[PDB]
Amino acid sequence: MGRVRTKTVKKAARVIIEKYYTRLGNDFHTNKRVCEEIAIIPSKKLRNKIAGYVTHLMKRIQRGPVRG
Amino acid sequence: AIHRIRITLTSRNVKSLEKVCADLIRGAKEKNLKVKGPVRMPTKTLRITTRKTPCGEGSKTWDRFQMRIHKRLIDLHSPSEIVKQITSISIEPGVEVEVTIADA
Amino acid sequence: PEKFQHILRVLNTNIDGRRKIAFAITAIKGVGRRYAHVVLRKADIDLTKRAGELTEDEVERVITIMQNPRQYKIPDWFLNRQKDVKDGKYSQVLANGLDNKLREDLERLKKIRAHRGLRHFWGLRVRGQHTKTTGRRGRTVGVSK
Amino acid sequence: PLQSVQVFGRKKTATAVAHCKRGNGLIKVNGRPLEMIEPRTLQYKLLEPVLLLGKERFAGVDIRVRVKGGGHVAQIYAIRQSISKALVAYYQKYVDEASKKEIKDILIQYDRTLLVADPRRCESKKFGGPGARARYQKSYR
Amino acid sequence: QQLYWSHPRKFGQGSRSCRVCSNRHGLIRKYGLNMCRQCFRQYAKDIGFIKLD
Amino acid sequence: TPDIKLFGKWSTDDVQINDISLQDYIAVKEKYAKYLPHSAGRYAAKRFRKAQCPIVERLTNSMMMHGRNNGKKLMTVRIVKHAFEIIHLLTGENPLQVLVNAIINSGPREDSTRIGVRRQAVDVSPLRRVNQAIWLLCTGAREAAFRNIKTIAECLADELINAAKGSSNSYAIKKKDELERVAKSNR
Amino acid sequence: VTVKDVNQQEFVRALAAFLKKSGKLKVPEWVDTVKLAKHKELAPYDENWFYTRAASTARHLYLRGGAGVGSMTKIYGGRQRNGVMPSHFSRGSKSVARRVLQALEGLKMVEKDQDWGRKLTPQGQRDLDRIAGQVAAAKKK
Amino acid sequence: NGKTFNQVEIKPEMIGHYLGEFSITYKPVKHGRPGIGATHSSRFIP
RNA sequence: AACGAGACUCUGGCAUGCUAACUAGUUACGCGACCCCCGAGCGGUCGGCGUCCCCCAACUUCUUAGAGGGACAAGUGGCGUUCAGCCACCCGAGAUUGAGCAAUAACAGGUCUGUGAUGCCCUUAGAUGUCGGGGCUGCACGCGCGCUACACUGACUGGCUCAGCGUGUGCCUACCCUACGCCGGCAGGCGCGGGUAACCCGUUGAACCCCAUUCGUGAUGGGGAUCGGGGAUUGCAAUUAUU
């Protein structure tokens, strides 16, 4: 199968959260709309993967520190 | 007097034909020529399949080449003197344009 | 039933009186499935009965129709000898007459020594076939000296 | 009012469209009674919805079905889906939504593919063999 | 000079040859191309054919 | 009313499964009652999905086999249909009871795995017991019809009736009693 | 009752008996010797085959009019076995189709129509719907 | 014949045949013993 | 930090939401026409059947094809140095669709018979640069890729009813795809129309399969190699048999 996320996804998600933490939340369908206006992303299929890992990171940041 | 008069367009590339065709509709609508909207005909595909090797040695691989052709129709209700005006602007890209004086 | 005779002799050949009549008479050479049906259709015989159920005058009606097709209006395009080379006639050839008609054809080709006659004499394939890989009937030969 | 609906069903390349309207209980496929579609080994497959729901639910409407494409068996499955999908769409528009739920639940508890399509289509052939996965023979000495 | 200096060439591999290089083997008659198969793979991009699948 | 479906002609409610290891793998009654042994269902897509297929359709799939018969499922539904009509005349019993008891008698319960002419005895699972039973009695019906005036509909009825009583005239019982004899020598 | 309301195989046998009882349909002299199509191995089993061919042909012209001799040879086409080589599709005899269409025009059941081809008359339409009622009544519905 | 002329006396039984049917383009085969490579076992090592 | 991987491009499955069609359809009626009475009931307003025919009717569900939408391991429960991830399940058209393109470094791999790509060597008027005939097919024998079968889960003779991808008047080079009518058992022949193509062949009446009949365990009505005689079509020419 394999669902592991490549460094192009994981680095873009971290840089979005460092700059726009106050805009983001737990709803994937709202995060998917925010990430489309704060960044230039070449593909719809890449935009969905970035908003997915951003949604995973927000639910971690609500519990404690993330080292990056 | 007026006629019912027909224009047809053809190309390989789609998105240049879109901008050519949209400009023909605008120039007709602003002059009230009662234009009938773009009819999309079925797409046509040409195909050629060849061995890759120049000499007949090796494992038996093939190349699959194709070309696609796109076609449209628009109909106007107007004099023969003014299709000659509107069928002369924005036509700069590699698109065929052909017109016939009665087909409706 | 009538316990009637169930093997019968027709043209110097034996017929089993036990098959359907249209498939019993194809034991004669020169009479295939296609020709046997048309002969019984002109002879006014019911195809449903077994060959041992024909009467003595019914077999004589079939035999006299097989030997003279053109007088009972069987077409010319049906026949197995067309414009016979030596006398120009149209007919059907049967039984031991078919053996001799082929025997005369192979000797006629050999006497003038045409290519057909030489291939028939040397025992090789007569029509257009290749001979490198098919029709093998000898023995395997070893490479040793 | 005038009171009618048009809906479709599919399998492989076959498509069937059913029109139904306020009426007395007629059902036809290509102008023929559905008791007389040719592969009668499968006659219980196109009877399934009316045998399962009962004829009292069909008594208010006349249904006419048209079908083309695919082969003999794929068309029975297209006809079957068009009829059961038409009745629930007619009930949704013109009667109470509480009665739509009875129809949809009884159909799906017997068989999916009375109401949802089957997505399977052919694989394309590839060079070096007779089909999609098979390959020609290999030899060495 | 001879009066019989040619033989009929109205069909078969004697009639036709490549438009680029005059060769007679493996040429393409499809859509009016009349190129050799090795000359076609060389000019396919300029003629306007592409591969996608 | 629609809670009882007679498979054309034959009732399912009176059927019984008498081996408790197989009740989960022989699909009969309730949601598994249908009018015909033919569906387009996607049973191949996951490992145990196979166990939800009605047992009369599994018999119908395994019958369209031997090279010249691949894909011919409409012919294979009428073989099963005419076999069940002959079973009812010979026995006086429900044809679904004869099929269920033939499956319960024919599946082997010990077998020997291969390790180097050398073998070791092992247990057989209930899914492999029902898979083995169908293949053995389809093979028994197929081998008997190959040069006789007997139709395959008559041979499939004879094979199921002999298996439902364990007579050892059937192919399936001789092969089961061979596999368990060989494995008993490899303990 | 219309031709679309009855099972088609005994409709062909009922219509074949009506033609053969009338005494008006003419037949060719060679009806007992022809092979009926290029791909057959033997002549037909029934002496009455020409009346059955005419009855089926009238039923085809009712459902899809405007046919001609070429399109009738595609309706009666079938597979040819080529001995040791693979099999292919093959068309029917042209002379049989042309003489069957000319025999139905002599009964006033058929016309050559505008544009090109042939169709049933109102008299032909009447005689087919009259036999469809006889086929339905024979089942005591 | 492709290199020589073969003479024919035209008998009346030859009527309707081609002239080329009586003058043959090859010699009938008669075999010499098989050589190296003719069978899989025939292999040579120095 | 760079290339390969992945992303990327084409393709399959979903939209009764958008744009809008006499080279695509449906529904309906001003209606008009043929057939049947089987139908509450008449031979009817009203019923049934239609690739029977107009619309200066309404429209886009079915066909075409442009723009956007949709899926993320996103939701819930377990397991994980509680990270990275992995397993089951709900909801859903859908929780692995299938191809294309592809790195650094190699091989005495194949191709001079693809080329007006090419070095060196050979030949060059009794030519290694055009016509006539023959061969590439020759047959004791060994090997490779395949087609048809050994039958009754079949073969034969009738009847009924369903596809999708494509190609089409050759620009030197001289040929295309075919409806309809007539003659012939058949292959085939004559006449006369349409198509440079969503327009004509064409609603592309495909085969297995489906329904009824005959045969009866017999190298048999399974199998169709080998070989005799006759008739058409291509072509300048068919014998070593074009089809």
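Residues numbered from 1 in each chain as written, not as in the entry; some residues may be left out. Chains lettered and ligands numbered in written order. Part of a larger assembly, values for the part shown. Heavy atoms only, no water.

Method of determination, as annotated in the archive: cryo-EM, at 2.9 Å resolution.

Asks: Looking at this structure, how should I read the side chain of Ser82(D)?
Replies: Relative to the assigned elements, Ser82(D) resides in helix α2 (residues 72-94). Among the polar contacts made by the side chain of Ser82(D), one reaches the main-chain carbonyl oxygen of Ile79(D) at a distance of 2.7 Å. (Helix = DSSP H or I, 4+ residues; strand = E, 2+ residues; numbered from the N terminus. Polar contact = N/O pair within 3.5 Å; in protein donor to acceptor, adjacent residues only side chain to side chain.)

Asks: What exactly am I supposed to notice about the packing of helix α3 (residues 95-106) of chain F against helix α4 (residues 126-144) of chain F here?
Replies: How two helices pack is summed up by the angle between their axes together with the distance between the axes. Residue and element names in this part refer to chain F. Contact geometry for α3 and α4: axes closest at 8 Å, N-to-C directions at 110°. In terms of orientation, α3 and α4 fall into the roughly perpendicular class. Of the residues in α4, those in contact with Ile103, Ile104 and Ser106 of α3 are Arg129, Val130, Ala133, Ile134 and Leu136. Of the residues that constitute the contact of α3 with α4, the class distribution is six nonpolar, one polar and one charged. (Axes fitted to C-alpha atoms, helices over the stretch in contact; angles between N-to-C directions. Parallel < 35°, antiparallel > 145°, perpendicular 65-115°, else oblique. Contact = heavy atoms within 4.5 Å. Nonpolar A, V, L, I, M, F, W, Y, C, P; charged D, E, K, R; others polar.)

Asks: Is there a simple way to explain the interface of chain E and chain B in this structure?
Replies: Interfaces are frequently sized by the accessible area removed from exposure as the parts join. Of the residues lining the interface, 16 residues belong to chain E; the matching set on chain B comes to 15 residues. Carbon and sulfur atoms make up 58% of the area that chain E and chain B hide from each other, which totals about 1500 Å². The tally of links between chain E and chain B comes to two salt bridges. The salt bridge involving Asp63(B) is made with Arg41(E); its shortest N-O contact spans 2.8 Å. In this structure, the connection of chain E to chain B is made through seven residue pairs in polar contact. Here the residues of the side of chain E that touches chain B are counted per class, giving nine nonpolar, two polar and five charged. (Buried area = accessible area lost by both parts, 1.4 Å probe. Salt bridge = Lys/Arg side-chain N within 4 Å of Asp/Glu carboxyl O.)

Asks: I'm lost on the protein's contact with RNA strand I in this one. Help?
Replies: In the vicinity of RNA strand I lie 200 residues, with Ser15(E), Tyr31(E), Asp53(E), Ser93(G) and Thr25(H) positioned nearest. One of the side-chain nitrogen or oxygen atoms of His56(A) is found 2.9 Å away from a phosphate oxygen of RNA strand I. Of the residues forming the surface near RNA strand I, the biggest block, ten residues, is contributed by helix α3 (residues 44-61) of chain A. In the surface near RNA strand I, the residues fall into 53 nonpolar, 69 polar and 78 charged. (Near = heavy atom within 4 Å.)

Asks: Even after reading the chapter, I still don't get the arrangement of the chains, so can you show me in this structure?
Replies: For this structure, the chain pair with the highest number of contacts among six pairs of chains in contact is chains B and E. One finds no contact linking chain A with chain C; the least C-alpha distance across the pair is 53 Å. You won't find any contact between chain A and chain D; their C-alpha atoms come no closer than 21 Å.

Asks: Looking at this model, I keep getting lost on the side chain of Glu58(C). Mind explaining?
Replies: All names here are of chain C. As for its placement among the helices and strands, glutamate 58 is situated in helix α3 (residues 56-66). Here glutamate 58 occupies a buried position and makes no salt bridge, while the nearest side chain of opposite charge, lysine 49, is found at 4.9 Å. Apart from the residues within four sequence positions on either side, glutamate 58 is in contact with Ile45 and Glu53. (Buried < 20%, exposed > 50% of the residue type's maximum accessible area, 1.4 Å probe, protein only. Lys, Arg positive; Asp, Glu negative; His and termini not counted.)

Asks: Looking at this model, I keep getting lost on unusual backbone geometry. Mind explaining?
Replies: What you tend to see is this: most non-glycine residues have negative phi, and most peptide bonds are trans. Not every positive phi belongs to a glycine, and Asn34(E) is a case in point at roughly 60°. Here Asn34(E) is to be found in the segment before α1 (37-47). Residue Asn34(E) is classed as partly exposed on the basis of its relative accessible area of 29%. Even without a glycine there, the phi angle at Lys108(G) is positive, about 60°. Among the structural elements, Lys108(G) can be located in the loop between α4 (94-105) and β3 (110-112).

Asks: Is there a simple way to think about the pattern of salt bridges in this case?
Replies: It is possible for side chains of opposite charge to pair when their charged atoms get near one another. One pass over the full model with this rule turns up 39 salt bridges over all chains. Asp32(G) serves as the salt-bridge partner of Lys42(C), at 2.8 Å between the closest nitrogen and oxygen. With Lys42(C) in helix α2 (residues 33-42) and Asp32(G) in the loop between α1 (8-22) and α2 (49-63), the pair connects residues from two separate chains. Classification of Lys42(C) as partly exposed rests on a relative accessible area of 30%. The buried category is assigned to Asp32(G), whose relative accessible area is 18%. When the shortest N-O distance is used, the salt bridge between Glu48(D) and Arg80(D) registers 2.7 Å. With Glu48(D) in helix α1 (residues 43-53) and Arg80(D) in helix α2, this pair connects stretches of sequence that are 32 residues apart. Per residue, the accessibility class of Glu48(D) equals that of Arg80(D), and both read buried.

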